[PDB]
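Following: one structure in structure tokens, then a few remarks.
Read-outs: derived from the displayed coordinates by stated rules, not from any lab. Cβ atoms come from the backbone with ideal geometry, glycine included; neighbour counts cover every protein chain shown.
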Amino acid sequence: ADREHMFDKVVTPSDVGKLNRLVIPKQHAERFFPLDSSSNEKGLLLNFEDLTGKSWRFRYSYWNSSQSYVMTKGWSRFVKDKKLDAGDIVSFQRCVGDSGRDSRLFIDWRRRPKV
């Protein structure tokens, strides 16, 4: 594995519910991605590869409505496939040395508590 850990997050109840969106904490949104409240509202399309090699297509945007940076599109399908719940972890990595729009990005998760 040649990947740099970017950040993890404890999944909240709203991250797995019918709002079908993941909130990205501000300290990570405002480190690894280029958007802010002035950016075009469509945001950016990002691909995240999981450990099996499947690529998940997410949209990353800033929702002025809730003053939050969020992932949508494939996020809800990822929650449904992995059966995520509040208290689980979601984590993001990138190939070492990658940066910017073309970064090769990865997603992983942990269902908790550990058995």
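Can you give me the number of residues within the stretch 27-62 that are buried (at least 16 other Cβ atoms within 10 Å of the Cβ) and on the phi > 0 side of the Ramachandran plot?
Selection size over the stretch 27-62: 1.
Yes or no: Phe78 surrounded by 15 or more Cβ atoms within 10 Å (Cβ to Cβ) and in a strand (DSSP E or B)? I'd like the intermediate steps shown before the answer.
Working: surrounded by 15 or more Cβ atoms within 10 Å (Cβ to Cβ): yes; in a strand (DSSP E or B): no.
The answer is no for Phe78.
Go over the candidates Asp98, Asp85 one by one and state the one that is closer than 18 Å to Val16 by Cβ and part of a loop (DSSP other than H, G, I, E, B).
Working: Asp98 fails: closer than 18 Å to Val16 by Cβ.
Among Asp98, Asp85, only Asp85 is closer than 18 Å to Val16 by Cβ and part of a loop (DSSP other than H, G, I, E, B).
With respect to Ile24, determine if the residue is closer than 22 Å to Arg110 by Cβ, crowded, with 19+ Cβ neighbours inside 10 Å and in contact (Cβ under 8 Å) with a residue 40 or more places away in the chain.
Working: closer than 22 Å to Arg110 by Cβ: yes; crowded, with 19+ Cβ neighbours inside 10 Å: yes; in contact (Cβ under 8 Å) with a residue 40 or more places away in the chain: yes.
So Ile24 passes the test.
Condition check: surrounded by 17 or more Cβ atoms within 10 Å (Cβ to Cβ) and over 17 Å from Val11 (Cα atoms). Does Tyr69 satisfy that?
Taking the combined requirement at face value, the residue does not satisfy it.
Select from the stretch 39-65 the residues that are outside any strand (DSSP E or B) and either under 24 Å from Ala1 (Cα atoms) or in contact (Cβ under 8 Å) with a residue 24 or more places away in the chain (or both) and list them in ascending order. Show your work before the answer.
Step one: filter the stretch 39-65 for residues outside any strand (DSSP E or B), giving 39-43, 50-54, 64-65.
Answer for the stretch 39-65, where residues must be outside any strand (DSSP E or B) and either under 24 Å from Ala1 (Cα atoms) or in contact (Cβ under 8 Å) with a residue 24 or more places away in the chain (or both): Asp50, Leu51, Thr52, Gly53, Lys54, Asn64.
Determine whether the stretch 89-108 contains at least one residue that is in contact (Cβ under 8 Å) with a residue 60 or more places away in the chain, over 16 Å from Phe32 (Cβ atoms) and not β-branched (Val, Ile, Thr).
No, every residue in the stretch 89-108 fails to be in contact (Cβ under 8 Å) with a residue 60 or more places away in the chain, over 16 Å from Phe32 (Cβ atoms) and not β-branched (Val, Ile, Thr).
Quick check: is even one residue across the stretch 30-51 closer than 19 Å to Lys9 by Cα, touching a strand residue (DSSP E or B) at 6+ places or on another chain (Cβ under 7 Å) and basic (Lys, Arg)?
no
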